[PDB]
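Working notes for the structure below.
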Amino acid sequence: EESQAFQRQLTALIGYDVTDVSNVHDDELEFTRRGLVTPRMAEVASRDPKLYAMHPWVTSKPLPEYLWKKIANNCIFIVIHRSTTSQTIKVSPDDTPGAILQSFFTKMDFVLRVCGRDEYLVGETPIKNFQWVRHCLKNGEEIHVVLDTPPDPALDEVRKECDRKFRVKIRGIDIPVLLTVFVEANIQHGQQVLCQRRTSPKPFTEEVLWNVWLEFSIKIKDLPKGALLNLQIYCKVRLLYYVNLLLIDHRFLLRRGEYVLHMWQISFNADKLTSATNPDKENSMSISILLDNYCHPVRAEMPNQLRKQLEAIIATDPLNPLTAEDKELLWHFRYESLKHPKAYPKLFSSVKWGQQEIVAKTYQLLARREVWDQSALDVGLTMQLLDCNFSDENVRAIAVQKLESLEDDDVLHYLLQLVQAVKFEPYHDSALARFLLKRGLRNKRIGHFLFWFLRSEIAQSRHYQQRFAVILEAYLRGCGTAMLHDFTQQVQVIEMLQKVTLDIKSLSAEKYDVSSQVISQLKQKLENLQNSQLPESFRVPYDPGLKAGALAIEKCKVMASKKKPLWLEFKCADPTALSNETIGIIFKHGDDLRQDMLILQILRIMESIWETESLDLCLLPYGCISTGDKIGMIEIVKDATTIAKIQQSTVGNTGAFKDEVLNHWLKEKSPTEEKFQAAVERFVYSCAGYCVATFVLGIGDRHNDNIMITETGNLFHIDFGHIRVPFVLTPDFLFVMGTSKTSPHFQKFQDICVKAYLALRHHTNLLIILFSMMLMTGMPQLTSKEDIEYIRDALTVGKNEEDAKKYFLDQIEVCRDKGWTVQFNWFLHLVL
Ligand SMILES: NS(=O)(=O)c1ccc(Nc2nccc(-c3cccc(C(=O)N4CCCCC4)c3)n2)cc1
């Protein structure tokens with residue numbers, strides 16, 4: 001009974017039971033579980049036991065100019081410790097950890113490990129290329145390391161185990177409880193409706209029947225792999241219910257027989273694409289159908305003017321619509337289009353997918369992919385082939401092929417969007433799902449995040465938990481025994497804190513002030529938790545290098561906000577840690593943290609864009625992971641406060657705002673004038689960073705209670721769930737900058753803003769694809785073409801840089817012209 005016990009262990013880890021068949025009409029999930037064995041085993045056998053155990057976090061990107069500034073000597077200072085003794089050593093930027101190790105004995109079995117972190121500076125890499133080294137250089141910190149024995153790879157031990165038209169009979173529809181109603185049947189492939197048929201409208205009663213065959217113009221031989229039968233109910237004509245059925249199964253068989261499909265009720269989006277059925281069989285709407293159908297499935301140069309029209313089509317942004325003329329030209333000139341990697345999304349949208357001979361021709365075109373294979377990886381371009389507009393296996397596989405060249409550093413930037421893009425896959429087993437599994441199995445940091453990202457979707461997505469649960473098991477069956485124990489300890493702690501979060505929430509109203517009553521109750525529930533249930537220690541989910549110990553209960557509190565988040569603090573479970581600082585984690589219910597995750601990740605990507613142009617915009621995209629429905633954890637950036645709180649420390653709970661208050665607060669919060677000048681510099685940069693980022697994302701218009709600042713001048717926006725001024729640049733921000741006109745700080749700010757804004761515009765398409773993907777996968781509501789179009793207008797598409805500069809400076813002027821108006825209107829709306 002060891003085998004069942006291990007499965008029982010995996011089930012608690014996943015947050016779902018993969019061995020359950022309650023909501024299946026086929027064996028695709030069992031087939032995927034078997035399908036994923038070999039990809040996992042091939043990777044486990046390939047991984048370096050030593051490098052896997054120490055997981056160096058490295059990049060092959062050049063040191064940015066802004067970071068070379070701190071090395072104007074060509075020397076890097078590393079503090080090598082051993083108990084009370086610690087010696088500073090002079091190192092070259094090109095020096096490898098082994099070279100630093102040898103020269104250490106020259107001055108005075110072992111490996112260098114960061115103080116208070118499961119972070120190792122090891123392998124054939126210049127130290128300047130380790131992330132922690134670059135983290136320290138950016139935040140002027142000393143590079144403190146420890147001399148210790150490497151971890152034992154034995155801990156990572158892996159446990160050994162037909163020419164006729166298509167038709168569908170719509171029998172009827174049934175709901176036990178809930179007007180006119182009708183059914184719409186769609187043959188879909190890439191959100192594209194190849195064929196549509198409707199039934200007659202009828203009164204909406206608990207059981208509505210038709211028994212009418214809906215014959216489609218398309219032949220059974222012409223149905224492409226990944227084609228969906230989309231069944232929708234309409235009740236003003238509003239969509240009310242949907243469900244999908246993959247017409248061709250995982251084994252390439254045409255779907256046959258009677259189907260009783262439990263439908264999703266509407267509350268456009270990735271949830272609308274799911275082939276999963278609503279698991280609630282007692283209350284949901286049902287659709288009964290019958291599938292009868294039987295089957296088993298030297299060029300001429302372009303003229304000067306046509307080539308001009310073709311290139312113009314390829315130059316347009318990703319959300320530019322294709323005319324039938326555009327599609328015809330892209331298709332007729334297939335072979336010329338092939339020489340332009342940027343044409344691939346537009347060219348693949350020109351393929352007549354519901355024609356077997358065209359598909360065959362598309363596959364013919366792909367067989368000779370020298371130009372694609374040789375192209376410089378373009379993540380923006382590659383992500384476009386992994387969205388909702390492409391169901392083709394072969395087209396999606398060529399995009400995955402390009403992601404194979406991404407280094408760990410880059411996989412981490414895109415991991416979240418790549419886990420989400422799995423929602424766009426017609427089948428559970430895919431090249432993308434196999435790529436995600438492989439990379440997670442290859443690297444401990446990717447794997448850690450892959451665990452939490454899948455777990456987040458498994459906990460709350462009825463539409464995708466089944467598929468996502470199968471991928472997580474596949475990752476859990478090869479990560480190793482140490483990681484399996486690691487995850488079990490994080491899961492136990494989060495499970496235990498989620499319950500405490502909910503019970504406290506169930507003791508306090510919306511904004512009804514936090515009293516000693518609920519505070520006593522928190523410290524009581526935490527005491528019972530710690531004494532028995534709380535394990536030894538655990539890795540911090542949004543910071544796997546950090547290890548949290550015992551709860552500092554005396555420091556734990558209930559925050560005064562509508563939602564009642566827990567403020568928790570833990571001792572670092574690592575003796576070698578230089579600081580005597582606790583780990584602060586917020587546990588919250590009430591906000592959809594999935595949206596925040598997506599926003600926070602786009603910010604880290606925006607930081608990476610600015611880095612490739614030697615810019616540091618001082619963003620603070622704090623750790624955040626969604627653990628369930630409206631619940632999750634937030635990294636406490638200690639010694640920070642809300643902009644509204646600074647205003648209320650002087651004038652109280654009034655919209656009556658003052659300008660000098662933030663500047664007063666910063667000077668008052670500074671230990672020396674040197675540090676105060678540094679803080680104004682940090683403010684100018686971080687303000688600019690957030691003004692460009694939030695403007696680009698259409699999340700600029702915000703209430704100051706959702707804008708925070710550190711005692712070190714670092715501004716940072718918070719609470720991104722469920723979201724006039726283009727951005728926040730109020731009189732108090734301007735006063736810190738020396739204006740109330742112009743200023744050397746205000747002019748520096750305008751310059752930083754312009755530089756950052758044009759740096760983002762050089763990655764317009766990448767930003768368009770990440771944004772649309774986010775709107776499609778993160779928002780529970782259905783998305784329109786309008787919502788997606790915002791970012792195109794904000795990125796001043798088809799505009800010169802001088803015009804773009806002119807544009808961003810006008811946005812800065814609107815914030816000056818509006819002053820405190822919008823902030824005051826937010827206070828009247830939200831505070832009252
Ligand atoms: N002095 S204080 O206002 O209690 C305070 C609050 C938070 C932090 N540190 C931090 N560092 C990163 C992200 C977030 C953060 C992000 C999103 C939401 C919240 C939040 O739930 N509150 C509600 C209560 C007031 C503030 C916002 C906090 N906080 C530091 C101090």
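So you can find residues: chains in the structure tokens are A, B, ... in the order shown, residues in each start at 1, and ligands are numbered from 1 in order.
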Could you list, with a cut-off of 9 Å and counting only C-alpha atoms and all ligand atoms, the residues of chain A near ligand 1, each shown with its nearest atom pair and the distance in Å rounded to one decimal, rows sorted by chain and ascending number, as CSV?
```
residue,atom,partner,partner_atom_place_in_ligand_line,distance
A:559,CA,ligand 1,24 (C),5.4
A:560,CA,ligand 1,24 (C),5.8
A:561,CA,ligand 1,24 (C),5.1
A:562,CA,ligand 1,23 (C),8.3
A:563,CA,ligand 1,21 (O),7.5
A:564,CA,ligand 1,21 (O),7.7
A:565,CA,ligand 1,21 (O),5.7
A:566,CA,ligand 1,21 (O),8.4
A:567,CA,ligand 1,4 (O),8.2
A:584,CA,ligand 1,9 (N),8.5
A:585,CA,ligand 1,10 (C),8.7
A:586,CA,ligand 1,28 (C),7.1
A:587,CA,ligand 1,21 (O),8.3
A:588,CA,ligand 1,21 (O),6.9
A:591,CA,ligand 1,18 (C),8.9
A:596,CA,ligand 1,17 (C),8.9
A:620,CA,ligand 1,12 (C),8.4
A:621,CA,ligand 1,12 (C),8.4
A:622,CA,ligand 1,12 (C),5.6
A:623,CA,ligand 1,12 (C),7.7
A:624,CA,ligand 1,13 (C),8.4
A:634,CA,ligand 1,13 (C),6.0
A:635,CA,ligand 1,12 (C),5.3
A:636,CA,ligand 1,11 (N),3.7
A:637,CA,ligand 1,11 (N),3.5
A:638,CA,ligand 1,30 (C),5.0
A:639,CA,ligand 1,30 (C),5.8
A:640,CA,ligand 1,30 (C),4.5
A:641,CA,ligand 1,1 (N),4.7
A:642,CA,ligand 1,3 (O),5.7
A:645,CA,ligand 1,3 (O),7.0
A:705,CA,ligand 1,27 (C),7.4
A:706,CA,ligand 1,27 (C),6.9
A:707,CA,ligand 1,27 (C),8.6
A:708,CA,ligand 1,29 (N),7.7
A:709,CA,ligand 1,30 (C),8.8
A:710,CA,ligand 1,30 (C),8.3
A:716,CA,ligand 1,12 (C),8.4
A:717,CA,ligand 1,16 (C),8.0
A:718,CA,ligand 1,17 (C),4.7
A:719,CA,ligand 1,17 (C),4.5
A:720,CA,ligand 1,17 (C),8.0
```
Written file, previous selection with C-alpha atoms, as an mmCIF file, in the first residue's frame:
```cif
data_model
loop_
_atom_site.group_PDB
_atom_site.id
_atom_site.type_symbol
_atom_site.label_atom_id
_atom_site.label_comp_id
_atom_site.auth_asym_id
_atom_site.auth_seq_id
_atom_site.Cartn_x
_atom_site.Cartn_y
_atom_site.Cartn_z
ATOM 1 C CA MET A 559 -4.903 45.130 9.084
ATOM 2 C CA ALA A 560 -7.552 47.859 9.038
ATOM 3 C CA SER A 561 -8.948 47.605 5.462
ATOM 4 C CA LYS A 562 -12.428 46.468 4.023
ATOM 5 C CA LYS A 563 -10.885 42.989 3.342
ATOM 6 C CA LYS A 564 -9.166 42.011 6.590
ATOM 7 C CA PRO A 565 -5.634 40.829 5.587
ATOM 8 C CA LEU A 566 -3.430 39.082 8.079
ATOM 9 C CA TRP A 567 -0.031 40.759 8.687
ATOM 10 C CA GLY A 584 6.633 39.533 6.612
ATOM 11 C CA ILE A 585 3.838 37.897 4.609
ATOM 12 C CA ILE A 586 0.307 39.253 4.081
ATOM 13 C CA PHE A 587 -2.473 36.633 3.772
ATOM 14 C CA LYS A 588 -5.581 38.054 2.146
ATOM 15 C CA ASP A 591 -9.068 40.236 -4.067
ATOM 16 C CA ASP A 596 -2.135 41.038 -9.697
ATOM 17 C CA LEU A 620 9.082 47.315 -6.874
ATOM 18 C CA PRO A 621 7.027 44.397 -8.315
ATOM 19 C CA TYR A 622 6.582 42.699 -4.886
ATOM 20 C CA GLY A 623 6.117 38.935 -4.416
ATOM 21 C CA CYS A 624 2.501 37.782 -4.941
ATOM 22 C CA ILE A 634 1.665 39.167 -0.590
ATOM 23 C CA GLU A 635 5.305 40.060 0.164
ATOM 24 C CA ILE A 636 5.526 42.768 2.843
ATOM 25 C CA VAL A 637 7.895 45.499 1.686
ATOM 26 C CA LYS A 638 8.556 46.557 5.339
ATOM 27 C CA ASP A 639 9.012 50.302 6.170
ATOM 28 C CA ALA A 640 6.583 51.489 3.507
ATOM 29 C CA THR A 641 3.260 53.246 3.792
ATOM 30 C CA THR A 642 0.320 54.355 1.691
ATOM 31 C CA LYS A 645 -1.862 57.473 5.120
ATOM 32 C CA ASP A 705 -4.750 54.588 -0.945
ATOM 33 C CA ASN A 706 -3.476 52.053 -3.621
ATOM 34 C CA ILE A 707 -0.057 53.806 -3.988
ATOM 35 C CA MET A 708 2.694 53.077 -1.497
ATOM 36 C CA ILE A 709 6.166 54.513 -0.729
ATOM 37 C CA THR A 710 9.201 53.301 1.163
ATOM 38 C CA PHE A 716 5.109 51.566 -5.847
ATOM 39 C CA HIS A 717 1.464 50.849 -6.865
ATOM 40 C CA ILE A 718 -0.446 47.974 -5.228
ATOM 41 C CA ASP A 719 -3.836 46.096 -5.467
ATOM 42 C CA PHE A 720 -4.193 45.507 -9.270
#
```
Shell around residue 461 in chain A at 12 Å using only C-alpha atoms, local window under 2 positions removed, as a PDB file with N, CA, C and O atoms, in the first residue's frame:
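Output saved as result_5.pdb:
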```pdb
ATOM      1  N   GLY A  15      -3.978  19.614  -5.087  1.00  0.00           N
ATOM      2  CA  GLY A  15      -5.198  20.283  -4.642  1.00  0.00           C
ATOM      3  C   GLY A  15      -6.371  19.749  -5.433  1.00  0.00           C
ATOM      4  O   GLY A  15      -7.450  20.355  -5.462  1.00  0.00           O
ATOM      5  N   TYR A  16      -6.134  18.594  -6.100  1.00  0.00           N
ATOM      6  CA  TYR A  16      -7.049  17.881  -6.976  1.00  0.00           C
ATOM      7  C   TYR A  16      -6.622  16.418  -7.156  1.00  0.00           C
ATOM      8  O   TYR A  16      -5.439  16.091  -7.121  1.00  0.00           O
ATOM      9  N   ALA A 270     -10.461  32.980 -22.476  1.00  0.00           N
ATOM     10  CA  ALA A 270      -9.944  31.609 -22.546  1.00  0.00           C
ATOM     11  C   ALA A 270     -10.891  30.552 -21.941  1.00  0.00           C
ATOM     12  O   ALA A 270     -10.849  29.407 -22.380  1.00  0.00           O
ATOM     13  N   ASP A 271     -11.756  30.935 -20.971  1.00  0.00           N
ATOM     14  CA  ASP A 271     -12.732  30.020 -20.366  1.00  0.00           C
ATOM     15  C   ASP A 271     -13.787  29.555 -21.370  1.00  0.00           C
ATOM     16  O   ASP A 271     -14.310  28.443 -21.254  1.00  0.00           O
ATOM     17  N   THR A 274     -12.637  26.207 -23.337  1.00  0.00           N
ATOM     18  CA  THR A 274     -12.498  24.907 -22.663  1.00  0.00           C
ATOM     19  C   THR A 274     -13.349  23.791 -23.245  1.00  0.00           C
ATOM     20  O   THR A 274     -14.517  24.005 -23.542  1.00  0.00           O
ATOM     21  N   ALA A 276     -13.624  21.179 -21.355  1.00  0.00           N
ATOM     22  CA  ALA A 276     -14.115  20.622 -20.104  1.00  0.00           C
ATOM     23  C   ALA A 276     -15.589  20.955 -19.955  1.00  0.00           C
ATOM     24  O   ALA A 276     -16.070  21.979 -20.465  1.00  0.00           O
ATOM     25  N   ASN A 278     -19.004  21.383 -17.302  1.00  0.00           N
ATOM     26  CA  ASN A 278     -19.278  21.891 -15.974  1.00  0.00           C
ATOM     27  C   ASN A 278     -19.387  20.688 -14.985  1.00  0.00           C
ATOM     28  O   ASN A 278     -20.124  19.757 -15.267  1.00  0.00           O
ATOM     29  N   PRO A 279     -18.571  20.617 -13.914  1.00  0.00           N
ATOM     30  CA  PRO A 279     -18.620  19.430 -13.025  1.00  0.00           C
ATOM     31  C   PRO A 279     -19.886  19.310 -12.178  1.00  0.00           C
ATOM     32  O   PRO A 279     -20.163  18.242 -11.640  1.00  0.00           O
ATOM     33  N   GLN A 420      -0.298  30.122 -18.680  1.00  0.00           N
ATOM     34  CA  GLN A 420      -1.630  30.554 -19.115  1.00  0.00           C
ATOM     35  C   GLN A 420      -1.928  30.131 -20.557  1.00  0.00           C
ATOM     36  O   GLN A 420      -3.036  29.666 -20.804  1.00  0.00           O
ATOM     37  N   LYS A 423      -4.094  27.166 -21.765  1.00  0.00           N
ATOM     38  CA  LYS A 423      -5.546  27.332 -21.873  1.00  0.00           C
ATOM     39  C   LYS A 423      -5.984  27.397 -23.359  1.00  0.00           C
ATOM     40  O   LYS A 423      -7.115  27.004 -23.693  1.00  0.00           O
ATOM     41  N   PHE A 453       2.144  28.210 -10.042  1.00  0.00           N
ATOM     42  CA  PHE A 453       1.333  28.726 -11.148  1.00  0.00           C
ATOM     43  C   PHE A 453       0.271  27.725 -11.557  1.00  0.00           C
ATOM     44  O   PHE A 453      -0.870  28.111 -11.777  1.00  0.00           O
ATOM     45  N   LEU A 454       0.621  26.437 -11.593  1.00  0.00           N
ATOM     46  CA  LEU A 454      -0.343  25.405 -11.921  1.00  0.00           C
ATOM     47  C   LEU A 454      -1.319  25.301 -10.761  1.00  0.00           C
ATOM     48  O   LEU A 454      -2.531  25.350 -10.986  1.00  0.00           O
ATOM     49  N   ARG A 455      -0.785  25.265  -9.508  1.00  0.00           N
ATOM     50  CA  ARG A 455      -1.614  25.117  -8.309  1.00  0.00           C
ATOM     51  C   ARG A 455      -2.720  26.168  -8.163  1.00  0.00           C
ATOM     52  O   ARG A 455      -3.846  25.840  -7.768  1.00  0.00           O
ATOM     53  N   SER A 456      -2.396  27.408  -8.558  1.00  0.00           N
ATOM     54  CA  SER A 456      -3.263  28.574  -8.562  1.00  0.00           C
ATOM     55  C   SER A 456      -4.485  28.299  -9.463  1.00  0.00           C
ATOM     56  O   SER A 456      -5.614  28.510  -9.051  1.00  0.00           O
ATOM     57  N   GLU A 457      -4.235  27.779 -10.689  1.00  0.00           N
ATOM     58  CA  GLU A 457      -5.276  27.454 -11.657  1.00  0.00           C
ATOM     59  C   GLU A 457      -6.073  26.244 -11.239  1.00  0.00           C
ATOM     60  O   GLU A 457      -7.294  26.273 -11.312  1.00  0.00           O
ATOM     61  N   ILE A 458      -5.403  25.225 -10.695  1.00  0.00           N
ATOM     62  CA  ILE A 458      -6.059  24.019 -10.178  1.00  0.00           C
ATOM     63  C   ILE A 458      -7.030  24.341  -9.024  1.00  0.00           C
ATOM     64  O   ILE A 458      -8.116  23.783  -8.963  1.00  0.00           O
ATOM     65  N   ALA A 459      -6.646  25.253  -8.131  1.00  0.00           N
ATOM     66  CA  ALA A 459      -7.475  25.598  -6.980  1.00  0.00           C
ATOM     67  C   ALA A 459      -8.791  26.307  -7.326  1.00  0.00           C
ATOM     68  O   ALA A 459      -9.758  26.174  -6.579  1.00  0.00           O
ATOM     69  N   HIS A 463     -12.843  25.396 -15.299  1.00  0.00           N
ATOM     70  CA  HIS A 463     -12.561  25.300 -16.732  1.00  0.00           C
ATOM     71  C   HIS A 463     -11.272  24.582 -17.081  1.00  0.00           C
ATOM     72  O   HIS A 463     -11.228  23.934 -18.120  1.00  0.00           O
ATOM     73  N   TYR A 464     -10.223  24.689 -16.235  1.00  0.00           N
ATOM     74  CA  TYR A 464      -8.889  24.114 -16.515  1.00  0.00           C
ATOM     75  C   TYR A 464      -8.189  23.264 -15.440  1.00  0.00           C
ATOM     76  O   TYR A 464      -7.116  22.728 -15.716  1.00  0.00           O
ATOM     77  N   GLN A 465      -8.782  23.097 -14.251  1.00  0.00           N
ATOM     78  CA  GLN A 465      -8.133  22.278 -13.227  1.00  0.00           C
ATOM     79  C   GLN A 465      -7.722  20.872 -13.660  1.00  0.00           C
ATOM     80  O   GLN A 465      -6.671  20.410 -13.251  1.00  0.00           O
ATOM     81  N   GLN A 466      -8.530  20.201 -14.477  1.00  0.00           N
ATOM     82  CA  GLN A 466      -8.242  18.828 -14.863  1.00  0.00           C
ATOM     83  C   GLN A 466      -6.944  18.698 -15.639  1.00  0.00           C
ATOM     84  O   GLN A 466      -6.047  17.970 -15.194  1.00  0.00           O
ATOM     85  N   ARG A 467      -6.810  19.486 -16.724  1.00  0.00           N
ATOM     86  CA  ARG A 467      -5.625  19.582 -17.582  1.00  0.00           C
ATOM     87  C   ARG A 467      -4.431  20.009 -16.760  1.00  0.00           C
ATOM     88  O   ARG A 467      -3.377  19.363 -16.815  1.00  0.00           O
ATOM     89  N   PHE A 468      -4.596  21.122 -15.991  1.00  0.00           N
ATOM     90  CA  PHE A 468      -3.508  21.644 -15.182  1.00  0.00           C
ATOM     91  C   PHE A 468      -3.076  20.665 -14.111  1.00  0.00           C
ATOM     92  O   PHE A 468      -1.856  20.527 -13.876  1.00  0.00           O
ATOM     93  N   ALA A 469      -4.054  19.907 -13.528  1.00  0.00           N
ATOM     94  CA  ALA A 469      -3.735  18.909 -12.498  1.00  0.00           C
ATOM     95  C   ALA A 469      -2.884  17.749 -13.049  1.00  0.00           C
ATOM     96  O   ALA A 469      -1.993  17.247 -12.369  1.00  0.00           O
ATOM     97  N   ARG A 594      -4.888  36.652  -9.027  1.00  0.00           N
ATOM     98  CA  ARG A 594      -4.484  36.152 -10.338  1.00  0.00           C
ATOM     99  C   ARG A 594      -4.217  37.316 -11.264  1.00  0.00           C
ATOM    100  O   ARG A 594      -3.284  37.275 -12.051  1.00  0.00           O
ATOM    101  N   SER A 626      -1.422  33.760  -6.027  1.00  0.00           N
ATOM    102  CA  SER A 626      -2.822  33.396  -5.771  1.00  0.00           C
ATOM    103  C   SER A 626      -2.861  31.931  -5.369  1.00  0.00           C
ATOM    104  O   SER A 626      -2.361  31.096  -6.112  1.00  0.00           O
ATOM    105  N   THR A 627      -3.445  31.613  -4.206  1.00  0.00           N
ATOM    106  CA  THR A 627      -3.514  30.233  -3.692  1.00  0.00           C
ATOM    107  C   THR A 627      -4.955  29.604  -3.792  1.00  0.00           C
ATOM    108  O   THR A 627      -5.135  28.408  -3.489  1.00  0.00           O
ATOM    109  N   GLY A 628      -5.938  30.416  -4.212  1.00  0.00           N
ATOM    110  CA  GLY A 628      -7.338  30.016  -4.353  1.00  0.00           C
ATOM    111  C   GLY A 628      -8.264  31.137  -4.786  1.00  0.00           C
ATOM    112  O   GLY A 628      -7.798  32.192  -5.243  1.00  0.00           O
ATOM    113  N   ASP A 629      -9.592  30.922  -4.643  1.00  0.00           N
ATOM    114  CA  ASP A 629     -10.625  31.901  -5.048  1.00  0.00           C
ATOM    115  C   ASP A 629     -10.682  33.136  -4.146  1.00  0.00           C
ATOM    116  O   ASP A 629     -11.130  33.072  -3.001  1.00  0.00           O
ATOM    117  N   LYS A 630     -10.195  34.258  -4.675  1.00  0.00           N
ATOM    118  CA  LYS A 630     -10.103  35.551  -3.985  1.00  0.00           C
ATOM    119  C   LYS A 630      -9.147  35.551  -2.762  1.00  0.00           C
ATOM    120  O   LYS A 630      -9.200  36.484  -1.961  1.00  0.00           O
ATOM    121  N   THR A 777      -6.879  35.592 -20.221  1.00  0.00           N
ATOM    122  CA  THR A 777      -6.635  34.540 -19.217  1.00  0.00           C
ATOM    123  C   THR A 777      -6.795  34.926 -17.745  1.00  0.00           C
ATOM    124  O   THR A 777      -6.999  34.038 -16.917  1.00  0.00           O
ATOM    125  N   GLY A 778      -6.679  36.213 -17.428  1.00  0.00           N
ATOM    126  CA  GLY A 778      -6.728  36.706 -16.059  1.00  0.00           C
ATOM    127  C   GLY A 778      -8.047  37.240 -15.581  1.00  0.00           C
ATOM    128  O   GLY A 778      -8.407  37.023 -14.420  1.00  0.00           O
ATOM    129  N   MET A 779      -8.771  37.949 -16.461  1.00  0.00           N
ATOM    130  CA  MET A 779     -10.064  38.550 -16.132  1.00  0.00           C
ATOM    131  C   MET A 779     -11.193  37.488 -16.201  1.00  0.00           C
ATOM    132  O   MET A 779     -11.258  36.743 -17.192  1.00  0.00           O
ATOM    133  N   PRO A 780     -12.066  37.372 -15.158  1.00  0.00           N
ATOM    134  CA  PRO A 780     -13.153  36.365 -15.218  1.00  0.00           C
ATOM    135  C   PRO A 780     -14.249  36.751 -16.209  1.00  0.00           C
ATOM    136  O   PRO A 780     -14.937  35.881 -16.749  1.00  0.00           O
TER     137      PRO A 780
END
```
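Relative to CA of residue 812 in chain A, CA of residue 743 in chain A is found at 14.0 Å.
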Original post:
So which residues touch residue 102 in chain A within 12 Å, counting only C-alpha atoms, skipping near sequence neighbours fewer than 6 positions away, as a ChimeraX atom specification?
Top reply: /A:89,91,95-96,108-112
Proximity check range 609-639 of chain A to range 686-697 of chain A, 10 Å, nearest pairs one decimal Å, only C-alpha atoms, as JSON lines:
```
{"residue": "A:610", "atom": "CA", "partner": "A:689", "partner_atom": "CA", "distance": 9.7}
{"residue": "A:615", "atom": "CA", "partner": "A:689", "partner_atom": "CA", "distance": 9.9}
{"residue": "A:616", "atom": "CA", "partner": "A:689", "partner_atom": "CA", "distance": 8.5}
{"residue": "A:617", "atom": "CA", "partner": "A:689", "partner_atom": "CA", "distance": 4.8}
{"residue": "A:618", "atom": "CA", "partner": "A:686", "partner_atom": "CA", "distance": 4.7}
{"residue": "A:619", "atom": "CA", "partner": "A:686", "partner_atom": "CA", "distance": 5.7}
{"residue": "A:620", "atom": "CA", "partner": "A:686", "partner_atom": "CA", "distance": 8.3}
```
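Counting only C-alpha atoms, residue 476 in chain A has the following residues at most 9 Å away, ignoring those fewer than 5 positions along the same chain: residues 10, 13, 14, 441, 451, 471, 483 and 484 of chain A.
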Original post:
If you run DSSP on the backbone, which residues of range 345-430 of chain A are alpha helix (DSSP H), as a ChimeraX atom specification?
Top reply: /A:345-348,356-367,370-374,379-384,393-403,408-420
Emit the selected residues as a CSV table (one decimal), in the first residue's frame, including C-alpha atoms.
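Generated file (part.csv):
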```
chain,number,residue,atom,x,y,z
A,345,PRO,CA,0.8,35.1,-37.4
A,346,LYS,CA,-0.9,37.1,-40.3
A,347,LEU,CA,0.0,34.3,-42.8
A,348,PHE,CA,-1.4,31.6,-40.5
A,356,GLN,CA,-8.0,19.5,-46.0
A,357,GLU,CA,-6.0,20.4,-49.2
A,358,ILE,CA,-5.1,23.9,-47.9
A,359,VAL,CA,-4.0,22.4,-44.5
A,360,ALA,CA,-1.9,19.9,-46.6
A,361,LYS,CA,-0.4,22.9,-48.5
A,362,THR,CA,0.3,24.8,-45.2
A,363,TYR,CA,2.2,21.7,-43.9
A,364,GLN,CA,4.0,21.6,-47.3
A,365,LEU,CA,5.1,25.3,-46.7
A,366,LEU,CA,6.3,24.4,-43.1
A,367,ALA,CA,8.4,21.4,-44.2
A,370,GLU,CA,15.1,27.4,-42.9
A,371,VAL,CA,14.3,31.2,-42.5
A,372,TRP,CA,12.2,30.5,-39.4
A,373,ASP,CA,14.7,28.1,-37.8
A,374,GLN,CA,17.6,30.6,-38.4
A,379,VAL,CA,9.2,36.1,-27.8
A,380,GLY,CA,6.5,38.6,-28.8
A,381,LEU,CA,6.2,37.0,-32.2
A,382,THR,CA,6.4,33.4,-30.8
A,383,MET,CA,3.7,34.1,-28.1
A,384,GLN,CA,1.3,35.3,-30.9
A,393,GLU,CA,-0.7,21.5,-33.7
A,394,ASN,CA,2.1,22.1,-36.2
A,395,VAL,CA,1.9,25.9,-36.2
A,396,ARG,CA,1.9,25.9,-32.3
A,397,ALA,CA,4.9,23.4,-32.3
A,398,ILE,CA,7.1,25.7,-34.4
A,399,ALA,CA,6.5,28.5,-31.8
A,400,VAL,CA,7.4,26.0,-29.0
A,401,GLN,CA,10.5,25.0,-31.1
A,402,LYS,CA,11.6,28.7,-30.8
A,403,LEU,CA,11.1,28.8,-26.9
A,408,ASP,CA,16.3,29.8,-17.6
A,409,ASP,CA,16.6,33.6,-16.9
A,410,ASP,CA,14.2,34.2,-19.9
A,411,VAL,CA,11.8,31.2,-19.2
A,412,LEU,CA,11.3,32.9,-15.7
A,413,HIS,CA,10.2,36.2,-17.2
A,414,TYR,CA,7.6,34.4,-19.4
A,415,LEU,CA,6.7,31.3,-17.2
A,416,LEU,CA,3.4,32.8,-16.0
A,417,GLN,CA,2.1,33.7,-19.6
A,418,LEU,CA,3.4,30.4,-20.9
A,419,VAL,CA,1.4,28.4,-18.1
A,420,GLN,CA,-1.6,30.6,-19.1
```
**OP:** Run DSSP on the backbone and grab whatever in range 505-663 of chain A lands in strand (DSSP E or B); send it over as number ranges by chain.
**Re:** A: 538-540, 543-551, 557-558, 566-572, 583-589, 624-628, 631-635, 640-642
Original post:
Nearest to residue 386 in chain A: which of A:809, A:772, A:749, A:199 is it, counting only C-alpha atoms?
Top reply: A:772
Original post:
Expressed in Å to a single decimal, how great is the separation between CA of residue 491 in chain A and CA of residue 452 in chain A?
Top reply: 9.9 Å
